[PDB]
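First, one chain by itself in structure tokens, the form deposited in one PDB entry.
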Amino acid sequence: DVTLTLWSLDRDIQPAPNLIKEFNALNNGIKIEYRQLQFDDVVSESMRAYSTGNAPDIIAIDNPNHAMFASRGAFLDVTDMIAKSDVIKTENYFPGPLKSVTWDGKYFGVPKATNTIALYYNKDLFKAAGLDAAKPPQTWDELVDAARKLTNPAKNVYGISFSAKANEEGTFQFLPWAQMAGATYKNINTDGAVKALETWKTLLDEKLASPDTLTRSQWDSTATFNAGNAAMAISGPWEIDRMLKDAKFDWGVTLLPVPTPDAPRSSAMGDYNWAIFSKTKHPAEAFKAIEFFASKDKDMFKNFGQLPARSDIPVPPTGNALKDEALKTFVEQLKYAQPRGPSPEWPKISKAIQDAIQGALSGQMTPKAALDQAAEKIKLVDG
């Protein structure tokens, strides 16, 4: 057998290790060995290994990071193998995810999945508060007022859970708010962005969300929602399968609230891409693995609660009512997602935003001053 290595942050209930077991059962002359990483080490460990000369054959890399690796020669050019494939067809992919694997008019990967965030809410807690569980918040003012009402320290319930962590988590969570208010990462200090950050400050200052929001991932924040300790959660479709097992209450999912009713929804394009490292000894076999993964995209939502990056396979209902309402909301919200980049410098853009968020939420800087500084940094690093 040819033995390949594959690195991903996917855990046991997530696609990669399960796809790998199915691939290995084919006994097709190829075997894959898996390494499970943490979010915060996918880039660092990946780039260390490539620099050291022992990168894996395959990685699942977060879409905003793809351009850095591709621009640096770390990823194999898969343009010609994609052209020969009928399993992997560029026509199948949503434009944004496909663009994220491209660099200099060549393909340097294949999208794995796509996502964005939306608003989960605990319908039982809504009802108990005298709110209308059929009419979740539509505006930021409604969201904040609901969060005030639903904050119940007597039962250690926060009105909302989210993430402002000083890494990609916080940037991915903030950009929708800023974008809905008219800003972009290229123009992050508009008055609307300032209002977004002031609104985050309210959620924390008024103890409507945990102080741990500043240091905790979306995944770990949502676990508190599942446990009944946050009435609402801003997170992605990757929560669904775990939520169905863990949340012991009735829940719904709605579009992200907007700053005023005349503002359209907007968010950041989430999820990962497959890539092959450029010095693989086994390019054909690694590509065949990726083809096998793509051939199973049709079953990703039913098996894992994640969404394919593809227009050719619209996701069918599962038959689970909670899961299917989640699907409907996320499929809609996804249409309004915007890419982070392309930029080989994405981490520096994101750090500027992260620093603004931390500075304002701590009270050390005003939102305006924090974001003005981020915008200055971004002018430099995004040039």
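Numbering starts at 1 and follows the sequence shown. For clarity, a rigid core is taken as the largest C-alpha set superposing within 1.5 Å between two forms.
Below, we turn to the form deposited in another entry, even though it does not appear here.
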Item to complete: With the core superposed, find the residue in 101, 188, 233, 197 that moves its CA 2 Å or more between this form and the one not shown.
Response: 101
Discussion item. Relative to the superposed rigid core, does residue 84 relocate between this form and the one not shown - that is, does its Cα move 2 Å or more?
Written reply: yes
Practice prompt. Take the rigid core as the frame of reference and indicate whether the C-alpha of residue 351 shifts by 2 Å or more between this form and the one not shown.
Written response: no
Practice prompt. Superpose the two forms on their rigid core, then report whether the C-alpha of residue 69 is displaced by 2 angstroms or more between this form and the one not shown.
Written response: yes
Worksheet item: Given that the CA-CA distance for residue 174 and residue 95 shifts by 3 Å or more in that other deposited form, does it become closer or farther?
Response: closer
Discussion item. What direction does the residue 246-residue 7 Cα distance move in that other deposited form compared with the shown chain, closer or farther, given a change of 3 Å or more?
Written reply: farther
